[PDB]
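Colleague: One structure follows; several queries about it will come next.
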Amino acid sequence: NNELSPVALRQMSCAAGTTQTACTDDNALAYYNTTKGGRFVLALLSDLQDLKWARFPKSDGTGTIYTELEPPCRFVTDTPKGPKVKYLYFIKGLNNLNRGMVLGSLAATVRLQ
Amino acid sequence: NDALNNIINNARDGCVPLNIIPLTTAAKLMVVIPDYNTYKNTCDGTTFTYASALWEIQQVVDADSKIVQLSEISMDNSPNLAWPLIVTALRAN
Amino acid sequence: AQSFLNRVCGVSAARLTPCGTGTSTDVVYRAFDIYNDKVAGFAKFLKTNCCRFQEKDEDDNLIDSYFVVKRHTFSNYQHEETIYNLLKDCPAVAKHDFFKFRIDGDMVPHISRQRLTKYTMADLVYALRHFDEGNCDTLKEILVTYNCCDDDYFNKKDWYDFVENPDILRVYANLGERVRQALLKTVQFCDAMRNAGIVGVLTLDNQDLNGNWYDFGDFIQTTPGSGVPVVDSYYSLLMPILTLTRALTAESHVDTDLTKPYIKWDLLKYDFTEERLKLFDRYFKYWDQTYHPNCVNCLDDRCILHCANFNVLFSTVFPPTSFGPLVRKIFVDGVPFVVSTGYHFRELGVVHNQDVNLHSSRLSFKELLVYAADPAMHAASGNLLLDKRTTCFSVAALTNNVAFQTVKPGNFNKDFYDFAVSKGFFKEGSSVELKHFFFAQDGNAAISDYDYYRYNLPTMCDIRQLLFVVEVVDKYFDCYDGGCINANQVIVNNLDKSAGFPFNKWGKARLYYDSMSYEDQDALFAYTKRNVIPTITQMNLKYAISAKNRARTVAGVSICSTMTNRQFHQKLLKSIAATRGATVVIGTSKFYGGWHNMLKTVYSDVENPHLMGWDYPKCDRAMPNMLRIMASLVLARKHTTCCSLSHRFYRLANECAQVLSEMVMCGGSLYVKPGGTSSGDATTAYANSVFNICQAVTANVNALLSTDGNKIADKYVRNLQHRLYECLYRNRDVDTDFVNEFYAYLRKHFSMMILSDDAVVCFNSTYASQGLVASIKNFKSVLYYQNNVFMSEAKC
Amino acid sequence: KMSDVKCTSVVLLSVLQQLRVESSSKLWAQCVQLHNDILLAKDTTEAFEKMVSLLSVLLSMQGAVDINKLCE
RNA sequence: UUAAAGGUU
RNA sequence: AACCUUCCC
Ligand SMILES: [Zn+2]
Ligand SMILES: [Zn+2]
């Protein structure tokens, strides 16, 4: 009885862009894995076709880290918004387990067709 | 310096493993034999084959470094020999 | 009862004979890899939920083909129906039935899986990992069923021993193709789950001993083209069986079938990187972490271990003649030498020297020292050797005659014996008697000791558990300090000892330490940080008093390695030898109350104290290379400031080249050392202590993870087990908080005192009885599956 | 009394070794086997005949003058 | 191995 | 232990 991911991992709003400083203000749904030794986000969701860079300012504020993303994954979500064609991005170097946890949470509590 | 230069020049980079240098270049082989049965399967006769080459026997000695003729190595006469037999041979062509 | 049997068989028309009576289930005892929100581990449980049926064969013969039915809820029935009609077309999926039958007054659903085997691979891994002599009863059945041996093979004496019965290596190796085909079949399952959009965890509970996969209960489905097979516990738990059963021997044959002859590789080929990548893609396709065939490109110590494990597995396919120094011709003053300019480690891959000097003009004292030490010229100028007395690889014979070395009987002091006898000693029926003597030896003594280095075998370690264990073990060496020192600070105990193979023909170690000034020594040390210097260690034969007639031998290592290893471990280990109250008690005297202080320290606040001790049968000649590399890495962990990554890697390469797989000169002929450790180098005792601590921590981890978990009545220990499983098989990065917590737990409940390969431990008896800390059988199983050695009660 | 046998076996092997017996491989091998096995015996009823077998080795050469050296 | 939390004597 | 609740298929 091996369970994929007990407990669900939540998400905040983050900023991304195509390259370098293309990040404008806030354009991404960042599914996070918060640990008390620093916050580490898991996945990115967007309605933007091709975003490769993302950014988060450090906790001290003086710094801001950029994250490089994988090629997009396309799916459709069902909502009162009707169908939503959305593209999902994994920060390159994400292991299979974080991918599985995010995908399981999404397929469990977010509608898909 | 002639059988070693040829095999070195065939390397793509010039690097060859050390353990193949005496295997394909050395001109003398010394086999050590613990018993007659192992002698039968490996060093039988005046000429044998090893390392994909043909070698011919020239000298055989016992543990006491005394000469043994090839006729004395029998089955029944084996118990009368010091038996780490060292057989040295030259690579024949 | 009859209709259930006629429905379970169904269309396939099989002659099922019920193993469980009636329309009821059949509880069994099976091993599980389990992880809930409550409990985790890899342990044996009771499995109800099942109605087995054995299949008959023409003349009513019973075969291993089971029709296991599964009673469960309606929701699970729907969930497994909607996912099996997605992975239906994969060969590696056992055929399901999914029918509904009226059991008693209500209609219940069943998921009938056709033609499985009695045991899964969790059972095989558990039986070969947690081994006990007189409780086997399932390893025997697995071996007998698949024609690895017979039933009368188990009536032998010590049939499980790796040392006194070296034929068990052949019995296991006949069970090594069902594992290769299982890996081949799980790769297809992973690909099918990918292309079909399914996410889930692959556990080796759901793969029968053929290769088919038959559970989809904890799976989820996403859009096609993106499916995630989570294979981290599967491969990690399976790793030791791959080399214990020698599963990849079929790669030695052409077209990968055991009936065809072996592949005839080119003799001059030394770089097998493409083959290594091909094998990794073949069998470990969905292993997420990256793999570096050559460990010169690794990122840190942990990645070095991770890639060296895979290289250990993959180097058993390539010819033994391609491993060793990579020699190359260079010209000086118009005269050509043949000198070593690299190495090809079985574990570390190909390493190239950075400061190779081609077309030089003169050789200084440093260069003359370097070129006189490597085996290049000595082997290339000698004649070929074929020694039938040993199975170890023989390269060359330096002289024209072999030398036989004898041992003298020893002198007798008659006056003391006469005095003692006059004092009423040595009578009949006395509690004291002579048992220690000087034993003599015949001509073949050392060449008989090399057939004990024959005992070393290539071993693949469980990489995730090994990484966690190394992180825990590193905390026992935190109170110390270390680093590099200049040639001024080196302290040499005795300067009248031999300098090694070449160099003993000219003087002792004093001559080579005066001749070279401090600048030359510093230059040699700095050279060793970016080049590899293979050396030769002589094999001397000892002459001392003992109680057993074995001709013990020692290693005369050369002088260059001595200097360069001193300029590291002098400062590393003088701190270890000068600390009081630590776990490692090296350097603490027993006089002036040292023994009492040590014993009182090892009794430091244990709740229900018991004492236990053990000894490894053959520590030096059977220790796997992976653990020696681990010990060297944790010793080099102290150079975080004085050395960059490249310097650390090249120092590790030098160590592996001259104290692990060096070229030994035994009686005037050069032989290749399979592995183990060379007793006679600078850091033998400290590396042995590190290895001992690693084994103890591994035993504790195995003892804790194999406990049921539902029965543990203490919440803190249950949460500790849960988080231990998470930190082992669900995290890629070190968690310092839980490492500290587990180290504190071990120090509280399992107090050690270590000195080289000797250990004394005070442990909580209640926890040990409950299975929360390591017992002695946990040590025996760990030794069996991680040391290729079976330990008995004569040592513990 | 077995201690006497073990000590005299030690002395006999010492004198045999110093008589250049080890220049013949098989004779030295047999002598070493006998000496090592006498030291490990646990009853006096096997050590004595192995001792007599080992003494028959020295009584066969012509390097030890016997009549003179048993001057009593 | 058996949703969770809470509740009383 | 009895016991009920938002329940859970
Ligand atoms: Zn690496
Ligand atoms: Zn350093």
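Labels used: A, B, ... for chains in the order of the structure tokens, numbers from 1 for residues in each chain, and numbers from 1 for ligands as shown.
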Which neighbours of residue 72 in chain A fall inside 6 Å, counting only C-alpha atoms (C1' of nucleotides), when residues of the same chain fewer than 3 positions from it are skipped, and could you give them as a PyMOL selection string?

Modeller: chain A and resi 87-89

Colleague: Select all residues from chain B having any atom no more than 6 Å from an atom of chain C (counting only C-alpha atoms, ignoring ligands), output as a PyMOL selection string.

Modeller: chain B and resi 15-19+22+26+28-33

Colleague: Write out as a list in words each polymer residue (protein, DNA or RNA) that has an atom no more than 7 Å from ligand 2, with only C-alpha atoms (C1' of nucleotides) and all ligand atoms counted.

Modeller: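 For ligand 2, the residues inside 7 Å are residues 483, 484, 568, 639, 642 and 643 of chain C.
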
Colleague: With N, CA and C atoms retained, export the selected residues as a CSV table (one decimal), in the first residue's frame.

Modeller:
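Full text of selection-v9.csv as output:
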chain,number,residue,atom,x,y,z
C,483,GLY,N,43.1,19.1,7.5
C,483,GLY,CA,43.5,19.9,6.4
C,483,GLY,C,44.9,19.5,6.0
C,484,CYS,N,45.4,20.3,5.0
C,484,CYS,CA,46.7,20.1,4.4
C,484,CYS,C,47.7,20.9,5.2
C,568,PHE,N,48.4,14.9,4.1
C,568,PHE,CA,46.9,15.0,4.3
C,568,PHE,C,46.5,14.5,5.7
C,639,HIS,N,38.6,18.9,3.9
C,639,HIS,CA,39.4,19.8,3.1
C,639,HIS,C,38.4,20.7,2.3
C,642,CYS,N,40.9,24.2,1.9
C,642,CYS,CA,42.3,24.2,1.3
C,642,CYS,C,42.3,23.6,-0.1
C,643,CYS,N,41.3,22.8,-0.5
C,643,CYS,CA,41.4,22.1,-1.8
C,643,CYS,C,40.1,22.4,-2.5

Colleague: Should the cut-off be 12 Å, what would the residue list for chain C against chain E look like, counting only C-alpha atoms (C1' of nucleotides), as number ranges by chain?

Modeller: C: 32, 34-40, 45-49, 708-710

Colleague: Show me which residues line ligand 1, defined as having an atom within 10 Å of a ligand atom where only C-alpha atoms (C1' of nucleotides) and all ligand atoms count, and present them as a PDB file with C-alpha atoms, in the first residue's frame.

Modeller:
ATOM      1  CA  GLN C 289      18.985  11.495 -11.511  1.00  0.00           C
ATOM      2  CA  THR C 290      21.683  12.081 -14.113  1.00  0.00           C
ATOM      3  CA  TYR C 291      24.540   9.627 -14.644  1.00  0.00           C
ATOM      4  CA  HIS C 292      28.182  10.487 -15.356  1.00  0.00           C
ATOM      5  CA  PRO C 293      30.112   7.531 -16.846  1.00  0.00           C
ATOM      6  CA  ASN C 294      33.428   9.198 -15.954  1.00  0.00           C
ATOM      7  CA  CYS C 295      33.464  10.418 -12.354  1.00  0.00           C
ATOM      8  CA  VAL C 296      35.866  13.253 -13.236  1.00  0.00           C
ATOM      9  CA  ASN C 297      32.763  15.264 -14.193  1.00  0.00           C
ATOM     10  CA  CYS C 298      30.814  14.671 -10.970  1.00  0.00           C
ATOM     11  CA  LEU C 299      29.545  17.543  -8.838  1.00  0.00           C
ATOM     12  CA  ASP C 300      30.448  16.504  -5.267  1.00  0.00           C
ATOM     13  CA  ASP C 301      31.017  13.478  -3.028  1.00  0.00           C
ATOM     14  CA  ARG C 302      27.392  12.322  -3.149  1.00  0.00           C
ATOM     15  CA  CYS C 303      27.294  12.356  -6.956  1.00  0.00           C
ATOM     16  CA  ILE C 304      30.647  10.552  -7.015  1.00  0.00           C
ATOM     17  CA  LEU C 305      29.159   7.749  -4.909  1.00  0.00           C
ATOM     18  CA  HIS C 306      25.959   7.710  -6.974  1.00  0.00           C
ATOM     19  CA  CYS C 307      27.791   7.316 -10.288  1.00  0.00           C
ATOM     20  CA  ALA C 308      30.426   4.951  -8.877  1.00  0.00           C
ATOM     21  CA  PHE C 310      26.424   2.318 -11.475  1.00  0.00           C
ATOM     22  CA  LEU C 348      35.804   5.844 -11.385  1.00  0.00           C
TER      23      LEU C 348
END

Colleague: Which residues, written as an MDAnalysis selection string, have at least one atom at most 10 Å from range 113-125 of chain C, with only C-alpha atoms (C1' of nucleotides) counted and residues fewer than 3 positions away on the same chain left out?

Modeller: chainID C and resid 8:9 12 14 29:33 42:44 52:55 63:70 93:98 110 128:130 138:139 141:143 179 182 203:215 234 237:241

Colleague: Export, as a tab-separated table (two decimals), in the first residue's frame, the selected residues with C-alpha atoms.

Modeller:
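Writing done, so here's out_17.tsv:
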chain	number	residue	atom	x	y	z
C	8	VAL	CA	-12.75	-18.05	-11.90
C	9	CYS	CA	-11.43	-20.42	-14.57
C	12	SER	CA	-9.37	-19.98	-20.51
C	14	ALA	CA	-7.85	-24.20	-16.75
C	29	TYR	CA	2.65	-14.10	4.90
C	30	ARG	CA	4.11	-11.70	2.34
C	31	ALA	CA	6.63	-8.85	2.24
C	32	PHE	CA	5.40	-5.34	1.46
C	33	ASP	CA	6.93	-1.98	0.60
C	42	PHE	CA	9.58	-2.63	4.03
C	43	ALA	CA	8.28	-5.42	6.23
C	44	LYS	CA	6.41	-8.73	6.34
C	52	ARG	CA	-5.96	-18.45	-4.72
C	53	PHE	CA	-6.28	-21.32	-7.19
C	54	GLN	CA	-3.41	-23.51	-8.36
C	55	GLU	CA	-3.50	-24.77	-11.94
C	63	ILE	CA	2.57	-26.09	-11.60
C	64	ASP	CA	3.18	-22.53	-10.34
C	65	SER	CA	0.27	-20.79	-12.08
C	66	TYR	CA	-2.16	-19.11	-9.70
C	67	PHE	CA	-5.56	-17.49	-10.35
C	68	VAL	CA	-5.71	-14.99	-7.48
C	69	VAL	CA	-9.13	-13.40	-6.99
C	70	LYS	CA	-9.52	-10.16	-5.02
C	93	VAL	CA	0.45	-6.59	-17.61
C	94	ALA	CA	-1.17	-9.73	-16.22
C	95	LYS	CA	-4.63	-10.46	-17.59
C	96	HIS	CA	-7.48	-9.31	-15.35
C	97	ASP	CA	-11.07	-10.54	-15.48
C	98	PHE	CA	-13.25	-8.09	-13.51
C	110	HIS	CA	-14.01	-9.66	-8.05
C	128	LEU	CA	17.93	-12.41	0.25
C	129	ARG	CA	18.26	-9.26	2.42
C	130	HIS	CA	16.93	-10.34	5.83
C	138	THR	CA	11.07	-19.39	1.25
C	139	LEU	CA	14.48	-18.80	-0.30
C	141	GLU	CA	11.41	-22.83	-2.21
C	142	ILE	CA	12.28	-20.04	-4.66
C	143	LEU	CA	15.61	-21.68	-5.54
C	179	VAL	CA	15.81	-10.56	-12.93
C	182	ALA	CA	11.98	-8.41	-15.10
C	203	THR	CA	6.56	-1.09	-5.94
C	204	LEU	CA	8.11	-4.53	-6.25
C	205	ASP	CA	5.13	-6.05	-4.44
C	206	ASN	CA	3.17	-5.96	-7.72
C	207	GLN	CA	5.69	-7.76	-9.95
C	208	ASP	CA	5.53	-11.55	-9.84
C	209	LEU	CA	8.66	-13.60	-10.53
C	210	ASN	CA	7.90	-13.62	-14.28
C	211	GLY	CA	7.80	-9.84	-14.72
C	212	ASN	CA	4.12	-9.00	-15.10
C	213	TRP	CA	2.53	-6.11	-13.21
C	214	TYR	CA	-0.87	-6.67	-11.64
C	215	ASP	CA	-1.98	-3.82	-9.33
C	234	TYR	CA	11.91	-0.17	-6.50
C	237	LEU	CA	15.75	-1.94	-2.92
C	238	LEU	CA	16.52	-4.18	-5.91
C	239	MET	CA	20.13	-3.01	-6.34
C	240	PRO	CA	22.03	-5.61	-4.21
C	241	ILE	CA	20.29	-8.56	-5.88

Colleague: Using only C-alpha atoms, which chain C residues lie at most 9 Å away from chain D, written as a PyMOL selection string?

Modeller: chain C and resi 406+408-412+414+426-428+433-435+437-443+548-549

Colleague: Would you put the residues from that selection into a file with N, CA and C atoms, as a PDB file, in the first residue's frame?

Modeller:
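Saved result, again_2.pdb, follows:
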ATOM      1  N   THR C 406      60.213 -19.141   3.216  1.00  0.00           N
ATOM      2  CA  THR C 406      59.886 -19.994   4.346  1.00  0.00           C
ATOM      3  C   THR C 406      59.885 -19.181   5.640  1.00  0.00           C
ATOM      4  N   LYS C 408      60.735 -19.490   9.913  1.00  0.00           N
ATOM      5  CA  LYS C 408      61.564 -20.245  10.837  1.00  0.00           C
ATOM      6  C   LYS C 408      60.760 -20.731  12.042  1.00  0.00           C
ATOM      7  N   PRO C 409      61.179 -21.843  12.656  1.00  0.00           N
ATOM      8  CA  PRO C 409      60.379 -22.426  13.747  1.00  0.00           C
ATOM      9  C   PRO C 409      60.336 -21.592  15.015  1.00  0.00           C
ATOM     10  N   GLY C 410      61.382 -20.840  15.323  1.00  0.00           N
ATOM     11  CA  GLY C 410      61.423 -20.061  16.542  1.00  0.00           C
ATOM     12  C   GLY C 410      62.207 -20.763  17.641  1.00  0.00           C
ATOM     13  N   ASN C 411      62.878 -19.953  18.457  1.00  0.00           N
ATOM     14  CA  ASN C 411      63.799 -20.435  19.475  1.00  0.00           C
ATOM     15  C   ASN C 411      63.058 -20.793  20.757  1.00  0.00           C
ATOM     16  N   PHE C 412      63.736 -21.543  21.621  1.00  0.00           N
ATOM     17  CA  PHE C 412      63.178 -22.024  22.878  1.00  0.00           C
ATOM     18  C   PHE C 412      64.038 -21.527  24.031  1.00  0.00           C
ATOM     19  N   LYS C 414      64.862 -22.388  27.411  1.00  0.00           N
ATOM     20  CA  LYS C 414      64.694 -23.557  28.271  1.00  0.00           C
ATOM     21  C   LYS C 414      64.751 -23.200  29.751  1.00  0.00           C
ATOM     22  N   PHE C 426      52.367 -25.957  34.562  1.00  0.00           N
ATOM     23  CA  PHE C 426      52.222 -26.828  33.399  1.00  0.00           C
ATOM     24  C   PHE C 426      51.978 -28.285  33.776  1.00  0.00           C
ATOM     25  N   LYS C 427      51.225 -28.534  34.843  1.00  0.00           N
ATOM     26  CA  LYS C 427      50.837 -29.894  35.178  1.00  0.00           C
ATOM     27  C   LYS C 427      49.610 -30.313  34.372  1.00  0.00           C
ATOM     28  N   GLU C 428      49.240 -31.583  34.513  1.00  0.00           N
ATOM     29  CA  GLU C 428      48.012 -32.069  33.906  1.00  0.00           C
ATOM     30  C   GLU C 428      46.807 -31.549  34.679  1.00  0.00           C
ATOM     31  N   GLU C 433      47.767 -23.329  30.287  1.00  0.00           N
ATOM     32  CA  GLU C 433      48.566 -24.219  29.462  1.00  0.00           C
ATOM     33  C   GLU C 433      49.057 -23.448  28.247  1.00  0.00           C
ATOM     34  N   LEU C 434      50.082 -23.986  27.594  1.00  0.00           N
ATOM     35  CA  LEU C 434      50.667 -23.319  26.438  1.00  0.00           C
ATOM     36  C   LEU C 434      49.759 -23.475  25.225  1.00  0.00           C
ATOM     37  N   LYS C 435      49.318 -22.348  24.669  1.00  0.00           N
ATOM     38  CA  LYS C 435      48.532 -22.340  23.446  1.00  0.00           C
ATOM     39  C   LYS C 435      49.106 -21.449  22.357  1.00  0.00           C
ATOM     40  N   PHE C 437      52.403 -20.308  20.105  1.00  0.00           N
ATOM     41  CA  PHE C 437      53.707 -20.785  19.670  1.00  0.00           C
ATOM     42  C   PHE C 437      54.141 -20.015  18.431  1.00  0.00           C
ATOM     43  N   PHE C 438      55.340 -20.337  17.953  1.00  0.00           N
ATOM     44  CA  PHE C 438      55.824 -19.868  16.660  1.00  0.00           C
ATOM     45  C   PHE C 438      55.603 -20.984  15.645  1.00  0.00           C
ATOM     46  N   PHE C 439      54.727 -20.746  14.675  1.00  0.00           N
ATOM     47  CA  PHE C 439      54.404 -21.754  13.676  1.00  0.00           C
ATOM     48  C   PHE C 439      55.242 -21.547  12.423  1.00  0.00           C
ATOM     49  N   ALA C 440      55.770 -22.645  11.891  1.00  0.00           N
ATOM     50  CA  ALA C 440      56.609 -22.620  10.704  1.00  0.00           C
ATOM     51  C   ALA C 440      55.762 -22.816   9.452  1.00  0.00           C
ATOM     52  N   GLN C 441      56.307 -22.391   8.314  1.00  0.00           N
ATOM     53  CA  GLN C 441      55.617 -22.479   7.036  1.00  0.00           C
ATOM     54  C   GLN C 441      56.549 -23.057   5.982  1.00  0.00           C
ATOM     55  N   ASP C 442      55.952 -23.684   4.973  1.00  0.00           N
ATOM     56  CA  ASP C 442      56.701 -24.255   3.864  1.00  0.00           C
ATOM     57  C   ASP C 442      56.910 -23.188   2.788  1.00  0.00           C
ATOM     58  N   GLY C 443      57.335 -23.615   1.598  1.00  0.00           N
ATOM     59  CA  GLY C 443      57.689 -22.665   0.559  1.00  0.00           C
ATOM     60  C   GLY C 443      56.531 -21.820   0.067  1.00  0.00           C
ATOM     61  N   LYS C 548      46.990 -19.614  16.135  1.00  0.00           N
ATOM     62  CA  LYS C 548      46.467 -20.349  14.994  1.00  0.00           C
ATOM     63  C   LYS C 548      47.483 -20.304  13.863  1.00  0.00           C
ATOM     64  N   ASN C 549      47.581 -21.414  13.129  1.00  0.00           N
ATOM     65  CA  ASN C 549      48.622 -21.584  12.116  1.00  0.00           C
ATOM     66  C   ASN C 549      48.151 -21.003  10.786  1.00  0.00           C
TER      67      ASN C 549
END

Colleague: Pick out each residue of chain A that DSSP on the backbone tags as alpha helix (DSSP H); I need them as number ranges by chain.

Modeller: A: 96-109

Colleague: Select, as a PyMOL selection string, those residues of chain B with any atom no more than 10 Å from chain D (distances computed using only C-alpha atoms).

Modeller: chain B and resi 62-64+80-84

Colleague: Could those residues be written to a file, using N, CA, C and O atoms, as a compact mmCIF listing (two decimals), in the first residue's frame?

Modeller:
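Okay, this is what ended up in result29.txt:
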# COMPACT_ATOMS: atom_id res chain seq x y z
N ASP B 62 62.14 -27.43 -11.20
CA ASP B 62 61.29 -27.70 -10.06
C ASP B 62 61.45 -26.59 -9.01
O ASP B 62 62.02 -25.53 -9.29
N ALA B 63 60.91 -26.82 -7.81
CA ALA B 63 61.02 -25.83 -6.74
C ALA B 63 62.46 -25.60 -6.32
O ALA B 63 62.81 -24.48 -5.92
N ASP B 64 63.30 -26.63 -6.40
CA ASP B 64 64.70 -26.52 -6.03
C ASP B 64 65.56 -25.92 -7.13
O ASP B 64 66.79 -25.89 -7.00
N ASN B 80 57.26 -38.04 -7.05
CA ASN B 80 58.68 -37.90 -6.80
C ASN B 80 59.25 -36.59 -7.35
O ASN B 80 60.43 -36.53 -7.71
N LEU B 81 58.43 -35.54 -7.42
CA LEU B 81 58.85 -34.25 -7.95
C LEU B 81 58.40 -33.14 -7.01
O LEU B 81 57.28 -33.18 -6.49
N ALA B 82 59.27 -32.16 -6.78
CA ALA B 82 58.83 -30.91 -6.17
C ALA B 82 57.87 -30.24 -7.14
O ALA B 82 58.20 -30.09 -8.32
N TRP B 83 56.70 -29.83 -6.68
CA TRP B 83 55.67 -29.59 -7.68
C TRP B 83 55.09 -28.18 -7.73
O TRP B 83 53.87 -28.04 -7.92
N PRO B 84 55.88 -27.11 -7.57
CA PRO B 84 55.58 -25.88 -8.31
C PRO B 84 56.42 -25.80 -9.58
O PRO B 84 57.30 -24.94 -9.66
